[PDB]
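One chain is shown next in structure tokens, namely the form deposited in one PDB entry.
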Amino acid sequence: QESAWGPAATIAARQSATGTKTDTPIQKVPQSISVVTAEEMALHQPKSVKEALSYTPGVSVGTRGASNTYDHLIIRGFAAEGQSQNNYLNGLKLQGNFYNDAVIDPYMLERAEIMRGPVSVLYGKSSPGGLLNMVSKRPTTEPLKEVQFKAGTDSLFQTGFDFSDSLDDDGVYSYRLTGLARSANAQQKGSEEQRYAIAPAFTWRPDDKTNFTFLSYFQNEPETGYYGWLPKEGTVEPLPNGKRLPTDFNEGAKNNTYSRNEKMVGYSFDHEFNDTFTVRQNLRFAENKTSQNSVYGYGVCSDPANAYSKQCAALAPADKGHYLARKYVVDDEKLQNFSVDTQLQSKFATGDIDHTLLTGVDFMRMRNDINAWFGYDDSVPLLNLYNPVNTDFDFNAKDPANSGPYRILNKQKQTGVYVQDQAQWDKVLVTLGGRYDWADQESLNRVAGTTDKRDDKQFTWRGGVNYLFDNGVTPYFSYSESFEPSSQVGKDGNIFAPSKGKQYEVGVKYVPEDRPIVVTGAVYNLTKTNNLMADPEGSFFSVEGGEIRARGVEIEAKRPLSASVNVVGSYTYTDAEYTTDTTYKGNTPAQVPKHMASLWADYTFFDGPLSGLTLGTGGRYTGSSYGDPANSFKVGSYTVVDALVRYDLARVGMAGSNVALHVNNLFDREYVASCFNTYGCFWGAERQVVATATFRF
């Protein structure tokens, strides 16, 4: 009944197309896949997809703490190169570049699915760690007329609506319009967040074998919020005076500004010719823009990073411990992305062996025009952490003695051909597939007049086996590969070769056909080779041949034991380490915790005086982690508790509607989410309380 591209009946999804690009039951997928449903999201009312993943195993949602500027993730100890997202929407990648990275609001999603480990065999170039694939809402079967009001701490105000219906009797034409407007203050003083998004959609079904769904998304964010750096001195450890910087501290200029604009049009098309062939096609064109005027910190004056800062030097050595150095960046980017994935799915048998053959052509073009300016060492006055003074900063005064321009035009293109077969004999299922990619990149420096290019040709494949016992328990194992081009240039003035990803995984999945439960467990060995590292000569350039190894255990469970009880919980153990690095051999990558775990549960009363009342609570534990690649310090572990109070408005004469109270970080725990270096730390989110009223007419 449930479709991999539609809504899931409960908190536990059983269908998914991220792992195979075919509507496949999760037990028959030889890889780890997590699915966060719109229903689960409604439980926590997240502002970003990143927050919605707070309970998902093998995924770290704290690389920026409370900031939701980007949905940047670390999956199984890995992230894309250059601090870029690695997100997909409806099976096509939202290829971003530099600061130009698109973001989709959770209110517009039907699902948020996480794919752990290599996936190039189906998607092309990608980080070894995995990818995020969001699935847009689509026109509903029955009518939908929802209006939602939100009000919470830090002056958060949100109003949204979701409408869907047919325009004719037979249901040949249906539409769906979703929108929201949100204004709120950032956790840190002086910063604000604003978002206005609308998502028009239409589905045309000339016949029962043909579906054409138009999908568009328009979003404007005059202000995306805070995105600065705080030093470890004042966050993880106290300042020389034994005090810490408040969680709402802001080291940026008072006139800092960060904005983003997103425009997307595209469609999803499928047609079944007969029981043997089905054609499927997804395409999207995106034009995203982003601008910022940002003064950010760069750590205290005693920090190695500020070795030769004429401003830090002119300070009493005793004073270097509470003065924070800062820099600025004026950015302005424009990006266009065009993507098309066309598939042919064939179902046929060879004896007792049933087949599902997938062959497709997948390609994308992307260009990003960057016109920025960067301030160097003494480009912005020091900030006295003992007596912080927030003032306007003149971004126009581009002093050539301490700042320079940065105008680049990056172009990327990738075309790939892939084939996959899911052959099943009795209770055995074998997933085999391969993909060949042509990935070309070109970077033109407008200032220098230079131009760097590189054409890559990589082949990747994946094989695995699933055994389906007639009881729901189905063990499995698989081997998958991936590749990730570099954009770095070396001594010889050439772009390096792409690093690679190789993973071995064994696990078990329990999915009973009688009960709505899903439980998964997995053990894996992921390794990234040809990673870039420091030069053994020390020529300010980077060398190849580096290697990082990640291995761990993940177990996730989600299920509605009954009509009044839902349960979600997960556990993650991840041991990442540099196995070959001229500088960090033996260390563990920063921002990567060894242990994580979460448990959530909600109960609903159908009788007694509490009827129509839903109560929930959960906790999320994040192990400790290293604050830099040199492992010179650690970020303490932390535990956060969430709560929920929903009240079905059926008792008062309004079925389908409800009012709720959401609480994140119930005990207002004050913690440092993570640091990527001594001068780059982030406070976690302080307690948040949201009042929600969603009405359906």
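Rigid core (definition): largest C-alpha set, two forms, superposition within 1.5 Å. Numbers follow the displayed sequence, beginning with 1.
Quick note: we don't show the form deposited in another entry, though the next part is all about it.
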Core-superposed between the shown form and the other one, the one of 15, 677, 22, 10 with a C-alpha shift of 2 Å or more is 10
Answer with closer or farther for the CA-CA spacing of residue 49 and residue 9 in the other form compared to the shown form; it moves by 3 Å or more. closer
At a change of 3 Å or more, would you call the C-alpha separation of residue 346 and residue 8 in the other form closer or farther than in the form supplied? farther
